[PDB]
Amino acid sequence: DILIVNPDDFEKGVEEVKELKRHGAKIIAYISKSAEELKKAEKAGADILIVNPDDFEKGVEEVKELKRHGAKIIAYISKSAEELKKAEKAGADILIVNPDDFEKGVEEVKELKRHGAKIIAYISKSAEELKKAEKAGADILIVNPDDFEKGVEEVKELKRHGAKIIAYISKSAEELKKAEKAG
């Protein structure tokens, strides 16, 4: 459902976004540490702007800069529920848990669910881990694979399971086109 470009550089990232826009991709996302870079992604056809911050102080300023800019949909990646609560404040629409540890990740999800966070997302290589994140209150299940053929099967399994919203992270529009085909 959501195709997430993980760019090598500005130029290559924009080329993938443009190719997904050309393909007729429905919901395109782009990951960067920088509001300025994200603004050039939104132009090329990205619907979701994902802040992946160096540190939390720096991350929240990029969210306030995209909020001032009038970005349609802002997402924030963090290991911590506490950082994501404050990311939401500055106007992050989607709070993305990128955990060190499965056990810890799911507790981050439960904590956000208690606080009544707007939209919760969870990144994992594993459909089985994402099923459990969903149980704990994740709305968006993000497949971040170790390899392509393996990634696309995890998408097909989350489709069979019945996920609200499936996302996939790739460097490659070619990979993202097949992930969309898979659900």
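Residue numbers here begin at 1 and follow the sequence given.
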Residue stretch of maximal mean CA temperature factor, 38 to 46 vs 132 to 140: 38 to 46
Stretch exceeding the other in mean C-alpha B-factor - 106 to 114, 69 to 77: 106 to 114
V14 - Cα temperature factor, lowest/middle/highest third of chain: middle
CA B-factor ranking of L84, expressed as a third of its chain: highest
Entry-reported Cα temperature factor of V155, expressed as the chain third it lands in: middle
Lowest, middle or highest third - CA B-factor, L95: lowest
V63 - which third its CA temperature factor falls in, relative to the rest of the chain: middle
